[PDB]
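Presented below, as C-alpha cells, is a lone chain in the form deposited in one PDB entry.
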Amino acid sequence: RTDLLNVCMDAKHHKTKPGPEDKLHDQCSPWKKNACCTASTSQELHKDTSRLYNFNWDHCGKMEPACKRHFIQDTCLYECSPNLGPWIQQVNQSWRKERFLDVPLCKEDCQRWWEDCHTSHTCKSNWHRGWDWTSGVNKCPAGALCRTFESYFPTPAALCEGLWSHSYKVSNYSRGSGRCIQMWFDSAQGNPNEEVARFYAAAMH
C-alpha cells in the first residue's frame, strides 16, 4: 500500500528517490515540486532523437507539433512521475529492471492524443519492440510500411494501450475525477495524480 507511494522506478534515467526539481524544462515543469527526473533529463527529452534513448519520433517524415507535444508530455510522465508505484512491474531488460503496466490513463487525455496525431505517420503499432536499431537510431524494420497514424492506431485505445506494450490502459474515468492518471495537468492545486496513486494503491490491494 503506502510503500507504493512516492517512488521512482528502477529504470535507465530515473533518480533513486522523488525530490524537488525547480529547473525542470518546458513541458516537464508541472512536475517541478516533486519528480523522478533531473533537470538535465527534462531538457534532453524535448529534443528530436534525444540522447535519452536515441528515439526518433520523425521516423516517417516530420511528426506534427500538435502531435509531438503529446509524445513529449508522455515522456515527461514516464521519466518524471513519482506517482506510478501501483503499476510498476518487474521486467528483465538490459536498460531497465522495471516498467509500468496498465496505468489508468484518463480517457480524454488518450482521445486528445489520438486526435492530434491523425495528420502524422508511423510504420508500427508498437514502439517498444521491433525497430531496426543497427544504425543506433530506431528505423522502420522489414515488413513495416509508413502509413497514417490511424492505420496503425484505429482507435484511441489502440494508441494508448499498444504504444508501449500496455503501459497504459484507458480508464473510463475523466480528467479531474481523481480516479485516473492525467498526462496533462497544471499544478495549480498541486499534482492531481498523487491522490490517484494513493487511491489505487489501496483499491488494487
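The term rigid core refers to the most C-alpha atoms you can superpose between the two forms while keeping them within 1.5 Å. Counting begins at 1, following the sequence as shown.
Not pictured, yet referred to below: the form deposited in another entry.
The one residue among 39, 146, 157, 52 whose Cα position changes by 2 Å or more between this form and the one not shown, with the core held fixed by superposition, is 52.
The two forms, fitted on the rigid core, differ between this form and the one not shown by less than 2 Å at the CA of residue 90. Compared with the form shown here, the Cα atoms of residue 53 and residue 46 move at least 3 Å closer together in the other form. Compared with the form shown here, the Cα atoms of residue 79 and residue 52 sit 3 Å or more farther apart in the other form.
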